[PDB]
>>> print(open('coords27.csv').read())   # CSV, C-alpha atoms
chain,number,residue,atom,x,y,z
A,1,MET,CA,0.0,0.0,0.0
A,2,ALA,CA,2.6,2.5,-1.1
A,3,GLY,CA,0.0,4.9,-2.5
A,4,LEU,CA,2.2,5.8,-5.5
A,5,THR,CA,-0.7,5.7,-7.9
A,6,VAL,CA,-3.5,6.3,-5.3
A,7,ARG,CA,-4.8,9.8,-5.4
A,8,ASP,CA,-8.2,9.4,-3.8
A,9,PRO,CA,-8.9,9.9,-0.1
A,10,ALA,CA,-11.7,7.4,-0.5
A,11,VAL,CA,-9.3,4.7,-1.6
A,12,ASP,CA,-6.9,5.7,1.2
A,13,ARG,CA,-9.6,5.0,3.7
A,14,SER,CA,-10.3,1.6,2.1
A,15,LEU,CA,-6.6,0.9,2.5
A,16,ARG,CA,-6.4,2.2,6.0
A,17,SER,CA,-9.3,0.1,7.1
A,18,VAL,CA,-9.8,-3.6,6.9
A,19,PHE,CA,-13.0,-5.7,6.7
A,20,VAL,CA,-13.5,-7.8,9.8
A,21,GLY,CA,-16.1,-10.6,10.0
A,22,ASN,CA,-16.9,-13.7,12.1
A,23,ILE,CA,-17.0,-11.6,15.3
A,24,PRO,CA,-19.5,-11.5,18.2
A,25,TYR,CA,-22.4,-9.0,17.8
A,26,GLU,CA,-22.1,-8.4,21.5
A,27,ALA,CA,-18.6,-6.9,21.1
A,28,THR,CA,-18.7,-3.1,20.8
A,29,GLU,CA,-16.6,-0.9,18.6
A,30,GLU,CA,-14.5,0.2,21.6
A,31,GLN,CA,-13.9,-3.4,22.6
A,32,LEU,CA,-13.1,-4.6,19.1
A,33,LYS,CA,-10.8,-1.6,18.6
A,34,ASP,CA,-8.8,-2.8,21.6
A,35,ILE,CA,-8.9,-6.4,20.5
A,36,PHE,CA,-7.4,-5.6,17.1
A,37,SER,CA,-4.8,-3.2,18.5
A,38,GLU,CA,-2.5,-6.2,19.1
A,39,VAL,CA,-1.6,-6.1,15.4
A,40,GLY,CA,-1.1,-2.3,15.2
A,41,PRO,CA,-2.4,1.0,16.5
A,42,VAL,CA,-6.1,1.3,15.7
A,43,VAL,CA,-7.6,4.7,14.9
A,44,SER,CA,-11.2,3.7,15.0
A,45,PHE,CA,-13.5,0.7,14.5
A,46,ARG,CA,-16.8,0.8,12.6
A,47,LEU,CA,-19.3,-1.9,13.5
A,48,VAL,CA,-21.8,-2.8,10.8
A,49,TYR,CA,-25.3,-3.5,12.1
A,50,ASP,CA,-28.9,-4.0,11.0
A,51,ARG,CA,-30.6,-0.6,11.1
A,52,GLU,CA,-34.0,-2.3,11.3
A,53,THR,CA,-33.4,-4.2,14.5
A,54,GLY,CA,-30.2,-2.5,15.7
A,55,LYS,CA,-28.4,-5.8,16.0
A,56,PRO,CA,-24.8,-5.9,14.8
A,57,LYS,CA,-24.3,-8.3,11.9
A,58,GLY,CA,-20.9,-9.5,13.2
A,59,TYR,CA,-19.1,-7.4,10.6
A,60,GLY,CA,-17.2,-4.1,10.7
A,61,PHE,CA,-14.1,-2.2,9.7
A,62,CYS,CA,-10.8,-1.6,11.6
A,63,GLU,CA,-8.9,1.6,10.7
A,64,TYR,CA,-5.2,1.6,11.4
A,65,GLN,CA,-2.9,4.6,11.6
A,66,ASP,CA,-0.8,3.3,8.7
A,67,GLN,CA,-1.9,1.6,5.5
A,68,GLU,CA,1.0,-0.9,5.7
A,69,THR,CA,0.0,-1.6,9.3
A,70,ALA,CA,-3.6,-2.3,8.1
A,71,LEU,CA,-2.2,-4.6,5.4
A,72,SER,CA,-0.1,-6.6,7.9
A,73,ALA,CA,-3.0,-6.5,10.4
A,74,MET,CA,-5.2,-8.1,7.8
A,75,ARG,CA,-2.7,-10.9,7.2
A,76,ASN,CA,-2.1,-11.4,10.9
A,77,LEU,CA,-5.8,-11.4,11.9
A,78,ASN,CA,-7.0,-13.5,9.0
A,79,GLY,CA,-6.8,-17.1,10.1
A,80,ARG,CA,-6.4,-16.3,13.8
A,81,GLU,CA,-8.6,-18.0,16.4
A,82,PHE,CA,-11.3,-15.7,17.7
A,83,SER,CA,-13.2,-17.2,20.7
A,84,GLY,CA,-12.9,-20.6,19.1
A,85,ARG,CA,-13.7,-19.3,15.6
A,86,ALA,CA,-11.8,-18.7,12.4
A,87,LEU,CA,-11.3,-14.9,12.1
A,88,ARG,CA,-11.9,-13.6,8.6
A,89,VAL,CA,-10.4,-10.3,7.7
A,90,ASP,CA,-10.5,-9.0,4.1
A,91,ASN,CA,-9.1,-6.1,2.2
A,92,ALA,CA,-11.5,-3.2,2.4
A,93,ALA,CA,-10.2,-1.9,-0.9
A,94,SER,CA,-12.5,-4.5,-2.5
A,95,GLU,CA,-15.5,-3.0,-4.2
A,96,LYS,CA,-17.8,-5.3,-2.2
A,97,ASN,CA,-16.4,-3.8,1.0
A,98,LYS,CA,-16.2,-0.3,-0.3
A,99,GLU,CA,-20.0,-0.3,-0.7
A,100,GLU,CA,-20.2,-1.1,3.0
A,101,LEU,CA,-17.9,1.8,3.8
A,102,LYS,CA,-20.1,4.0,1.8
A,103,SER,CA,-23.1,3.1,4.0
A,104,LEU,CA,-20.8,3.9,7.0
A,105,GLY,CA,-20.0,7.3,5.6
A,106,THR,CA,-16.4,6.3,5.1
>>> encode(input="coords27.csv", output="structure tokens")
Amino acid sequence: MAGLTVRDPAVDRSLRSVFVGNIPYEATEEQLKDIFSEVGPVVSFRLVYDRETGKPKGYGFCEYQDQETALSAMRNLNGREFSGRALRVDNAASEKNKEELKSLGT
């Protein structure tokens, strides 16, 4: 994530954040922020939830201070055991994840 060709703040945000899934809906943004700080300083975590019911979907995004930190964090978190579950973390730069960021106002 050098950003040599990237000239869009929107893309930068999708590089700074990573898509986290397979996590408890009970876990809050503050808790998850701390949980995923082990693999780099986290700026902020955005928890995706069902606006109809208010119940978190078990998905969100974790923004790291550096894009390279986010990249490594993705690779470090993806495959890690999370409360006896396979933790899935994807690149938020993916269009399928960018659409979710749009709904988050990111």
>>> atom_distance(input="coords27.csv", atom1="atom CA of residue 87 of chain A", atom2="atom CA of residue 39 of chain A")
13.5 Å
>>> residues_around(input="coords27.csv", residues="segment 33-36 of chain A", least_positions_apart="4", cutoff="8 Å", atoms="all atoms listed in the file", output="list in words")
residues 29, 40, 42, 43, 44, 45, 62 and 77 of chain A
>>> atom_distance(input="coords27.csv", atom1="atom CA of residue 28 of chain A", atom2="atom CA of residue 58 of chain A")
10.2 Å
>>> residues_around(input="coords27.csv", residues="residue 13 of chain A", least_positions_apart="3", cutoff="9 Å", atoms="all atoms listed in the file", output="JSON, numbers by chain")
{"A": [8, 9, 10, 16, 17, 63, 67, 92, 93, 101, 106]}
>>> atom_distance(input="coords27.csv", atom1="atom CA of residue 86 of chain A", atom2="atom CA of residue 104 of chain A")
24.9 Å
>>> closest_residue(input="coords27.csv", among="A:98, A:20, A:76, A:83", to="residue 61 of chain A", atoms="all atoms listed in the file")
A:20
>>> closest_residue(input="coords27.csv", among="A:65, A:14, A:25, A:31", to="residue 48 of chain A", atoms="all atoms listed in the file")
A:25
>>> residues_around(input="coords27.csv", residues="residue 1 of chain A", least_positions_apart="5", cutoff="8 Å", atoms="only C-alpha atoms", output="list in words")
residues 15, 67, 68 and 71 of chain A
>>> residues_around(input="coords27.csv", residues="residue 24 of chain A", least_positions_apart="3", cutoff="10 Å", atoms="all atoms listed in the file", output="number ranges by chain")
A: 21, 27-28, 32, 56-59, 82-83
>>> write_last_selection(input="coords27.csv", atoms="C-alpha atoms", output="JSON list (two decimals), in the coordinates of the input")
[["chain", "number", "residue", "atom", "x", "y", "z"],
["A", 21, "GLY", "CA", -16.10, -10.60, 10.00],
["A", 27, "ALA", "CA", -18.60, -6.90, 21.10],
["A", 28, "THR", "CA", -18.70, -3.10, 20.80],
["A", 32, "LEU", "CA", -13.10, -4.60, 19.10],
["A", 56, "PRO", "CA", -24.80, -5.90, 14.80],
["A", 57, "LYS", "CA", -24.30, -8.30, 11.90],
["A", 58, "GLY", "CA", -20.90, -9.50, 13.20],
["A", 59, "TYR", "CA", -19.10, -7.40, 10.60],
["A", 82, "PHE", "CA", -11.30, -15.70, 17.70],
["A", 83, "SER", "CA", -13.20, -17.20, 20.70]]
>>> closest_residue(input="coords27.csv", among="A:69, A:103, A:22, A:78", to="residue 2 of chain A", atoms="only C-alpha atoms")
A:69
>>> closest_residue(input="coords27.csv", among="A:52, A:60, A:66, A:105", to="residue 3 of chain A", atoms="only C-alpha atoms")
A:66
>>> closest_residue(input="coords27.csv", among="A:51, A:102, A:7, A:88", to="residue 23 of chain A", atoms="only C-alpha atoms")
A:88
>>> residues_around(input="coords27.csv", residues="residue 41 of chain A", least_positions_apart="3", cutoff="8 Å", atoms="only C-alpha atoms", output="list in words")
residues 37, 38, 64 and 65 of chain A
>>> closest_residue(input="coords27.csv", among="A:90, A:30, A:99, A:81", to="residue 11 of chain A", atoms="only C-alpha atoms")
A:99
